[PDB]
file run-v6.cif (mmCIF, N, CA and C atoms and all ligand atoms)
data_protein
loop_
_atom_site.label_atom_id
_atom_site.label_comp_id
_atom_site.auth_asym_id
_atom_site.auth_seq_id
_atom_site.Cartn_x
_atom_site.Cartn_y
_atom_site.Cartn_z
N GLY W 1 0.80 6.30 -38.94
CA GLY W 1 1.25 6.62 -40.28
C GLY W 1 2.05 7.90 -40.33
N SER W 2 1.37 9.00 -40.65
CA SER W 2 2.02 10.31 -40.74
C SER W 2 1.34 11.32 -39.82
N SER W 3 1.71 11.28 -38.54
CA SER W 3 1.13 12.19 -37.56
C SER W 3 1.87 12.08 -36.22
N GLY W 4 2.18 13.23 -35.63
CA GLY W 4 2.88 13.25 -34.36
C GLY W 4 2.04 12.68 -33.23
N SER W 5 2.21 11.39 -32.96
CA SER W 5 1.46 10.73 -31.90
C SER W 5 1.89 11.24 -30.53
N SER W 6 1.03 12.03 -29.90
CA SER W 6 1.33 12.59 -28.58
C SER W 6 2.05 11.57 -27.71
N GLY W 7 2.83 12.06 -26.76
CA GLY W 7 3.57 11.18 -25.87
C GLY W 7 4.48 11.94 -24.93
N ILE W 8 3.99 12.22 -23.73
CA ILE W 8 4.77 12.94 -22.73
C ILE W 8 5.91 12.08 -22.19
N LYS W 9 7.04 12.72 -21.90
CA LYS W 9 8.20 12.02 -21.38
C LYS W 9 8.75 12.72 -20.14
N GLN W 10 8.53 12.12 -18.98
CA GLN W 10 9.00 12.68 -17.72
C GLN W 10 10.04 11.78 -17.07
N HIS W 11 11.21 12.35 -16.80
CA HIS W 11 12.30 11.59 -16.18
C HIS W 11 12.88 12.35 -14.99
N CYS W 12 12.94 11.68 -13.84
CA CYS W 12 13.47 12.29 -12.63
C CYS W 12 14.98 12.50 -12.74
N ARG W 13 15.38 13.46 -13.57
CA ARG W 13 16.79 13.76 -13.77
C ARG W 13 17.58 13.56 -12.47
N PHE W 14 16.99 14.00 -11.36
CA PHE W 14 17.63 13.88 -10.06
C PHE W 14 18.17 12.47 -9.85
N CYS W 15 17.29 11.48 -9.94
CA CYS W 15 17.69 10.08 -9.76
C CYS W 15 17.67 9.34 -11.09
N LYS W 16 17.51 10.09 -12.18
CA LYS W 16 17.47 9.50 -13.52
C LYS W 16 16.44 8.38 -13.59
N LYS W 17 15.26 8.63 -13.04
CA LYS W 17 14.19 7.64 -13.05
C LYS W 17 13.13 8.00 -14.09
N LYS W 18 12.16 7.10 -14.28
CA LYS W 18 11.09 7.32 -15.24
C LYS W 18 9.73 7.06 -14.60
N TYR W 19 8.78 7.96 -14.84
CA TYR W 19 7.44 7.83 -14.29
C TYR W 19 6.39 8.07 -15.36
N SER W 20 5.58 7.05 -15.63
CA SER W 20 4.53 7.15 -16.64
C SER W 20 3.66 8.38 -16.39
N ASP W 21 2.99 8.40 -15.25
CA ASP W 21 2.12 9.52 -14.90
C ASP W 21 2.90 10.59 -14.13
N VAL W 22 2.98 11.78 -14.72
CA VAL W 22 3.70 12.89 -14.10
C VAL W 22 3.28 13.06 -12.64
N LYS W 23 1.97 13.06 -12.40
CA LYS W 23 1.44 13.22 -11.06
C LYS W 23 2.28 12.45 -10.04
N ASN W 24 2.75 11.27 -10.45
CA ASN W 24 3.56 10.43 -9.58
C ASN W 24 4.97 11.01 -9.42
N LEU W 25 5.50 11.56 -10.51
CA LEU W 25 6.83 12.15 -10.50
C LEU W 25 6.95 13.21 -9.42
N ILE W 26 5.98 14.13 -9.40
CA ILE W 26 5.97 15.20 -8.41
C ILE W 26 5.94 14.65 -6.99
N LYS W 27 5.03 13.72 -6.75
CA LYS W 27 4.89 13.10 -5.44
C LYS W 27 6.16 12.35 -5.05
N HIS W 28 6.82 11.77 -6.05
CA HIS W 28 8.05 11.02 -5.82
C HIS W 28 9.17 11.95 -5.36
N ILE W 29 9.26 13.12 -5.99
CA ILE W 29 10.29 14.10 -5.64
C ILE W 29 10.06 14.67 -4.25
N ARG W 30 8.93 15.34 -4.07
CA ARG W 30 8.59 15.94 -2.78
C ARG W 30 8.64 14.89 -1.67
N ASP W 31 8.66 13.62 -2.06
CA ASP W 31 8.71 12.53 -1.09
C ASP W 31 10.15 12.08 -0.86
N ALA W 32 10.91 11.93 -1.94
CA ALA W 32 12.30 11.51 -1.85
C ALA W 32 13.23 12.71 -1.78
N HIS W 33 13.42 13.38 -2.92
CA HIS W 33 14.29 14.55 -2.98
C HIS W 33 13.73 15.69 -2.13
N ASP W 34 12.62 16.26 -2.56
CA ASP W 34 11.99 17.36 -1.83
C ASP W 34 12.92 18.56 -1.76
N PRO W 35 13.39 19.02 -2.93
CA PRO W 35 14.30 20.17 -3.03
C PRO W 35 13.60 21.48 -2.69
N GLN W 36 12.41 21.68 -3.25
CA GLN W 36 11.64 22.89 -3.00
C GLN W 36 11.71 23.29 -1.53
N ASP W 37 11.70 22.30 -0.65
CA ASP W 37 11.76 22.54 0.78
C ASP W 37 13.19 22.80 1.23
ZN ZN K 101 13.82 11.05 -8.05
#

call {"tool": "encode", "arguments": {"input": "run-v6.cif", "output": "structure tokens"}}
result
Amino acid sequence: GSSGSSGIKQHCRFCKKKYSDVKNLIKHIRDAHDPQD
């Protein structure tokens, strides 16, 4: 009705992908991109 229904939005700008669970996003990057390294 009238209430900001929480909803996180994480997108791998790098590959313009989408991951429901952020935890996966991080693992996906360090696995594919791995820029930090
Ligand atoms: Zn990616």

call {"tool": "atom_distance", "arguments": {"input": "run-v6.cif", "atom1": "atom CA of residue W:7", "atom2": "atom CA of residue W:22"}}
result
11.9 Å

call {"tool": "select_by_dssp", "arguments": {"input": "run-v6.cif", "residues": "chain W", "states": "helix (DSSP H, G or I)", "output": "list in words"}}
result
residues 22, 23, 24, 25, 26, 27, 28, 29, 30 and 31 of chain W

call {"tool": "atom_distance", "arguments": {"input": "run-v6.cif", "atom1": "atom CA of residue W:30", "atom2": "atom C of residue W:11"}}
result
13.4 Å

call {"tool": "residues_near_ligand", "arguments": {"input": "run-v6.cif", "ligand": "ligand ZN 101 (chain K)", "cutoff": "8 Å", "atoms": "all atoms listed in the file", "output": "number ranges by chain"}}
result
W: 11-18, 25, 28-30, 32-34

call {"tool": "atom_distance", "arguments": {"input": "run-v6.cif", "atom1": "atom CA of residue W:9", "atom2": "atom CA of residue W:24"}}
result
12.8 Å

call {"tool": "select_by_dssp", "arguments": {"input": "run-v6.cif", "residues": "chain W", "states": "strand (DSSP E or B)", "output": "list in words"}}
result
residues 11, 12, 17 and 18 of chain W

call {"tool": "axis_aligned_box", "arguments": {"input": "run-v6.cif", "around": "stretch 33-36 of chain W", "padding_each_side": "8 Å", "output": "AutoDock Vina command-line options"}}
result
--center_x 13.0 --center_y 18.3 --center_z -2.4 --size_x 18.7 --size_y 25.9 --size_z 17.7

call {"tool": "build_atoms", "arguments": {"input": "run-v6.cif", "residues": "stretch 15-31 of chain W", "atoms": "N, CA, C and O atoms", "output": "short mmCIF file (atom, residue, chain, number, x, y, z; two decimals), keeping the file's coordinate frame"}}
result
data_model
loop_
_atom_site.label_atom_id
_atom_site.label_comp_id
_atom_site.auth_asym_id
_atom_site.auth_seq_id
_atom_site.Cartn_x
_atom_site.Cartn_y
_atom_site.Cartn_z
N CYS W 15 17.29 11.48 -9.94
CA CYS W 15 17.69 10.08 -9.76
C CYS W 15 17.67 9.34 -11.09
O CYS W 15 17.81 8.12 -11.14
N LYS W 16 17.51 10.09 -12.18
CA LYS W 16 17.47 9.50 -13.52
C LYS W 16 16.44 8.38 -13.59
O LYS W 16 16.72 7.31 -14.14
N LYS W 17 15.26 8.63 -13.04
CA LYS W 17 14.19 7.64 -13.05
C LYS W 17 13.13 8.00 -14.09
O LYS W 17 13.18 9.06 -14.71
N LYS W 18 12.16 7.10 -14.28
CA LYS W 18 11.09 7.32 -15.24
C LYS W 18 9.73 7.06 -14.60
O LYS W 18 9.54 6.06 -13.91
N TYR W 19 8.78 7.96 -14.84
CA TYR W 19 7.44 7.83 -14.29
C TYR W 19 6.39 8.07 -15.36
O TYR W 19 6.30 9.16 -15.93
N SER W 20 5.58 7.05 -15.63
CA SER W 20 4.53 7.15 -16.64
C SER W 20 3.66 8.38 -16.39
O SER W 20 3.60 9.28 -17.23
N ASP W 21 2.99 8.40 -15.25
CA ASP W 21 2.12 9.52 -14.90
C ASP W 21 2.90 10.59 -14.13
O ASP W 21 3.40 10.34 -13.04
N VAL W 22 2.98 11.78 -14.72
CA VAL W 22 3.70 12.89 -14.10
C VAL W 22 3.28 13.06 -12.64
O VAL W 22 4.12 13.19 -11.75
N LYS W 23 1.97 13.06 -12.40
CA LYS W 23 1.44 13.22 -11.06
C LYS W 23 2.28 12.45 -10.04
O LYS W 23 2.50 12.91 -8.93
N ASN W 24 2.75 11.27 -10.45
CA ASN W 24 3.56 10.43 -9.58
C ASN W 24 4.97 11.01 -9.42
O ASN W 24 5.55 10.97 -8.34
N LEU W 25 5.50 11.56 -10.51
CA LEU W 25 6.83 12.15 -10.50
C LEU W 25 6.95 13.21 -9.42
O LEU W 25 7.89 13.21 -8.63
N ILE W 26 5.98 14.13 -9.40
CA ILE W 26 5.97 15.20 -8.41
C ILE W 26 5.94 14.65 -6.99
O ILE W 26 6.73 15.05 -6.14
N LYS W 27 5.03 13.72 -6.75
CA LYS W 27 4.89 13.10 -5.44
C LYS W 27 6.16 12.35 -5.05
O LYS W 27 6.54 12.30 -3.88
N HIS W 28 6.82 11.77 -6.05
CA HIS W 28 8.05 11.02 -5.82
C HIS W 28 9.17 11.95 -5.36
O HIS W 28 9.94 11.62 -4.46
N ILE W 29 9.26 13.12 -5.99
CA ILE W 29 10.29 14.10 -5.64
C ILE W 29 10.06 14.67 -4.25
O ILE W 29 10.88 14.50 -3.35
N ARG W 30 8.93 15.34 -4.07
CA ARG W 30 8.59 15.94 -2.78
C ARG W 30 8.64 14.89 -1.67
O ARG W 30 8.67 15.23 -0.49
N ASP W 31 8.66 13.62 -2.06
CA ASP W 31 8.71 12.53 -1.09
C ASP W 31 10.15 12.08 -0.86
O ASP W 31 10.57 11.88 0.28
#
